[PDB]
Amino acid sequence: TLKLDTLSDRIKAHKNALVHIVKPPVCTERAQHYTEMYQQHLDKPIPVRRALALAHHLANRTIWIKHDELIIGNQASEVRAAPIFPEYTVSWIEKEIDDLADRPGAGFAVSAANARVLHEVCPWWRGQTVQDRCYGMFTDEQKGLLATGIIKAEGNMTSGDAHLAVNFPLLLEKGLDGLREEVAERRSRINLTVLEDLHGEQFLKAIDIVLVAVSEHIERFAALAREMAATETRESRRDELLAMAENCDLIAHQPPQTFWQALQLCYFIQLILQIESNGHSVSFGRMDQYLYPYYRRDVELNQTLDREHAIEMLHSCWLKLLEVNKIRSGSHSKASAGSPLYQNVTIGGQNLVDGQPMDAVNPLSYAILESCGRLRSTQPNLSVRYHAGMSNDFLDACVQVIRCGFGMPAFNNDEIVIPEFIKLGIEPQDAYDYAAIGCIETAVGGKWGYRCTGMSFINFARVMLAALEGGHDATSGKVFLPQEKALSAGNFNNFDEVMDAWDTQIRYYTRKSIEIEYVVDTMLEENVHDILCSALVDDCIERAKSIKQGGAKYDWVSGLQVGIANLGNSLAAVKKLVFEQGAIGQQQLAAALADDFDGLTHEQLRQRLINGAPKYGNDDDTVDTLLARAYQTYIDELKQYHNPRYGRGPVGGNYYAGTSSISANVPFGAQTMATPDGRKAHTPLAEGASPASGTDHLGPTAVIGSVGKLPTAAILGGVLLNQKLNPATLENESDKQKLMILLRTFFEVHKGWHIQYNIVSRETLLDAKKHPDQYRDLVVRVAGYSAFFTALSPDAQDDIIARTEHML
């Protein structure tokens, strides 16, 4: 009974207000205060100094209540403005503050007034930021691998970690006051003549400062809700505000009672975590499961609320998550097209009750979905947990919201995740509780460390280019791991010798990436403790230490490998026309590539490369499994390493692979020279594990075939897959059953990680590229998340216009 076409004047009023905020400003309050507190409390341990900085900023910053919201709590002085966090870096800010209103798709209105506040702070943080200090440690060799871009890790060096969901049931069952009580018994057991206890109490001291200021904050919003009602003349909203301060008074301290309370609270947390740290992908976890016992109480039974005012609340909320904005560098902005935050909300899945698995779909799962389908907004990121025994009813209701052309909902697959989690050591009832984090990755909400994916980026295409030409990276002229065999010298005797070169080179860029990651993570852990986040994850409080120090019950991280499709395609093409057939010569190719297929003779060569050799995504086994092998070397490397939290507390403490590379395929391509699959220099790579655009000619069931052949179980950082259909292709009920049997076959027979759809027509993308001004709420799906189309650059825009359009 899905009524997906009807908003309300209240929420239509807001959503538009926001989508027209087309060049956001830069609220600078937090970088003002945090410098003060770092200047006033230089003598404190960093966990306490940071707890003060936050408690200061929290009660000296502008707060307001616009748009007649049903949910309240702003990230910044000005609407949709992006705070400034100087602890992680200043370097890209001391290069780029003039050049910021005109930045191809990451433009920030930087007021002459708030620019004054920036020249003032900045030069003091120089030398003492995470990024500055990473460079204080890096070995010289590490420093070159970074300059080139072969291994990239800007995102960890210029931002907090985040990439997790905190323990929202805890927060709800105890309320803040019950966490002070948790903290109090814990510092009751501290002994100050025991080294480890001496450090443990600084971190516990810090937690209490933060917990405190947060209660105070919730009350200084109960404050406004009444000081506003004073000078307010429209009765109907005063009766709302009075209930909100009435509802905020009760959530600043005790466990919440209603639905309106248990969802304002969880937002309050979800916010402060993004004011204390700029890490993106603060997820929500299984919200349809932990807000449900209030939805049931309130509106299903006692019916003191109406199932339609529940759906209106969430909306206000969804729009507050849209309010959350964040500014990134010029370089990293390219790989994060459309300033996203990836705040993920998870619905569905199973639920291990007393040892037996049980369908977890419930009436709030339908209410949450149906509220997303009506709103058509980038936020939240809606991720649905499929399982073999999901209803036909709910899956059809998922296909209904897909035909709404904003990319949601996306799918994750209990059929693959749960058995692999159990298989790593995760507690069986925790493996059933996994959520989506950020984009397509998966963790156990409330019990996992940071970055279940999101660690360092490796460029598979550039590395393979080096395995072909004597270890030489053509982009930068460097040779980091020398070797004799190169194409230009045509002295590979057989293809297996090319595959060896690959196994040899990647084994050395993986070591480096881990050495680099070891520095970053160690700098992040000495300088920037996330106080509140750590309070709200198990088992920090009991171990009295931050997540980065080993506070989390579980801890697994993944990197991101970019260039998947191009690696398969390249190897398979030099395998066929160079070795197998002799059609093309080693030097003839080497000269081809060092030339960017230039001339007319070299162009014929490229086209024989593109179409005279099997491409990944046509259910062709020869290329598909060649790719799985090439990747398998990388997965085999990660096994002889342990991440920095190994042995210091958590379970697991290891790595795995991951393809959730956001829009890094574009700027990563610009750094990759011509490649043997026929790709020209600088053009884009392929995003995620999707097929390279325009090479998949045997339709969608052949695509999922190819994708499902990758070693999914070792790639628990997510296997990203984009598909695009035309709106007329998915139109009748006969077309809907086609999508459904396609999904059910992906997840059950093939064991797929994820799939997300773009239901857009190719002319609509093209009128919005042209007339932005009548398309400023059009949502298209990028890769792991949704974006406002008019907001992406044109590089970003056309990668999305180039993708294959499939029939069902």
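From 1 onward, residues are counted along the sequence shown.
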task = Going by the average Cα B-factor in the PDB entry, point out whether 326 to 334 or 235 to 243 comes out higher.
result = 235 to 243
ask   = Quick one: higher average CA temperature factor, 178 to 186 or 544 to 552?
value = 178 to 186
ask   = When you compare the CA B-factors of 219, 132, 196, 636 as listed in the entry, which one comes out on top?
value = 219
note = Comparing C-alpha B-factors across 301, 165, 590, 481 in this entry, the winner is 301
query = Against its chain's modelled residues, does residue 648's Cα B factor rank lowest, middle or highest third?
reply = lowest
ask   = Is the Cα B-factor recorded for residue 445 in the lowest, middle or highest third of its chain?
value = lowest
request  = Using the B-factor values recorded in the entry, state whether the Cα atom of residue 107 falls in the lowest, middle or highest third among the modelled residues of its chain.
outcome  = highest
ask   = Once the chain's modelled residues are ordered by C-alpha B factor and cut into thirds, is residue 363 in the lowest, middle or highest one?
value = highest
inquiry  = Lowest, middle or highest third: which one holds residue 274 when the chain's residues are ordered by CA B-factor from the entry?
reply    = lowest
